[PDB]
Amino acid sequence: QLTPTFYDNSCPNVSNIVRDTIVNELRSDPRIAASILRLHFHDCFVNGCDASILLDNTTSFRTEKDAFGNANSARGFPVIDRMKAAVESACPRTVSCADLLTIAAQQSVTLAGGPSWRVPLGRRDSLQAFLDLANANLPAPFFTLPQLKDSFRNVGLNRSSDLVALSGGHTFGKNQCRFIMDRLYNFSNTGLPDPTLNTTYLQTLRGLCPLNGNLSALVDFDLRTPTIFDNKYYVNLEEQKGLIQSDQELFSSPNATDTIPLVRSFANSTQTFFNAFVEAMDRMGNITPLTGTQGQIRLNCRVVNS
Ligand code: HEM
Ligand SMILES: [Ca+2]
Ligand SMILES: [Ca+2]
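Just so we're aligned, residue 1 is where the sequence shown starts under the authors' numbering, counting upward by one.
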């Protein structure tokens, strides 16, 4: 079983070293907290939180960094290297990259103003990466609600609360114009915008993402508080101001009978949202972990120990 006190004897200062690394990076890159949380999410949705996403290419297996959900999107890898090196210096061969990334995600959420809690620990590192699995398992912004639900259930998260609370990760961070172009100009081959997108916000987004414009341009997931981890994401949904299709569907999909009440509850109470987010985060962090003597304690998160 994973436990929050796993390193209290072997590396009591791990969380503090992780936090310091993020605080320092945030001064030059205010987006890093969001980026780190997403790295953890994409690690857990592919063979569990086993740091498989951190592995680079080898002649025997491809890196997950080239998956459709990671390529030209996932970022922050050098920062993870930096904190890993610091932790290795403080406590040699003790903290796994899988655990390191989990702590980094929690600390990132807290530093951004979110809830503070001690994540379960004891995960170990994978001996390979899974590109095909990443392409199959990572959800896409154009998924319908049934597909989003299918994606979460596929990795072990059956609850609507898991999906609604974790989607709250979009209370901060950036998104490329590429992923919303259809909603703005030609949704589902209608030549018209997505009707569930607020028309006033539609104009704002069209201004940021013009037709035939820079598809790589970045837009904030949360128009209310772009870099603060709070429940504003849900208030946006209630006003049809979710940025991507997968966001708005939680509130507007014909299949949202079970998700709508959750969206409202999280929009109405920060405490309700924060509690649900921590619960969902720990559940996601509990997806098929390698424990005990399974896997290893990777020294360089980019390569398997030899
Ligand atoms: C429900 C399905 C989800 C879909 C389809 C989805 C999709 C995406 C997409 C399209 C981006 C934009 C990437 C880019 O343009 O570079 C992104 C970014 C992000 N996602 Fe999600 N996401 C989902 C769930 C989650 C979850 C569960 C979390 C974490 C708890 C999360 C956290 C983030 C964060 C924080 C960013 C911003 C990262 C940055 O700015 O570097 N996402 N997501
Ligand atoms: Ca993984
Ligand atoms: Ca926010």
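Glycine included, each C-beta is placed from N, C-alpha and C at the ideal position.
Three-state secondary structure (DSSP) at residue i?
i           : result
residue 149 : helix
residue 81  : helix
residue 241 : coil
residue 219 : strand
residue 131 : helix
residue 31  : coil
residue 304 : coil
residue 208 : helix
residue 124 : strand
residue 39  : helix
residue 197 : coil
For a test of your reading of the model: does the CB of residue i fall under 8 Å from any non-hydrogen atom of ligand 2? Yes or no.
i          : result
residue 80 : no
residue 47 : yes
residue 53 : yes
residue 50 : yes
Report yes if the C-beta of residue i is less than 8 Å from at least one heavy atom of ligand 3; otherwise report no.
i           : result
residue 226 : yes
residue 247 : no
residue 171 : yes
Taking 8 Å as the cut-off, is the beta-carbon of residue i closer than that to any non-hydrogen atom of ligand 1?
i           : result
residue 159 : no
residue 146 : no
residue 311 : The chain is shown from 1 up to 306; residue 311 falls before or after that span and cannot be answered.
residue 134 : no
Take residue i as the anchor and find which of the options has the nearest alpha-carbon.
i           : options            : result
residue 67  : 80, 42, 59         : 42
residue 183 : 269, 69, 246, 57   : 246
residue 37  : 290, 282, 304, 291 : 282
residue 235 : 102, 267, 135      : 267
residue 166 : 301, 45, 13, 12    : 45
residue 74  : 82, 104, 32        : 32
Does residue i pass the burial test, meaning 16 or more other C-beta atoms within 10 Å, or should it be called exposed?
i           : result
residue 78  : exposed
residue 60  : exposed
residue 124 : buried
residue 28  : exposed
residue 231 : buried
residue 71  : exposed
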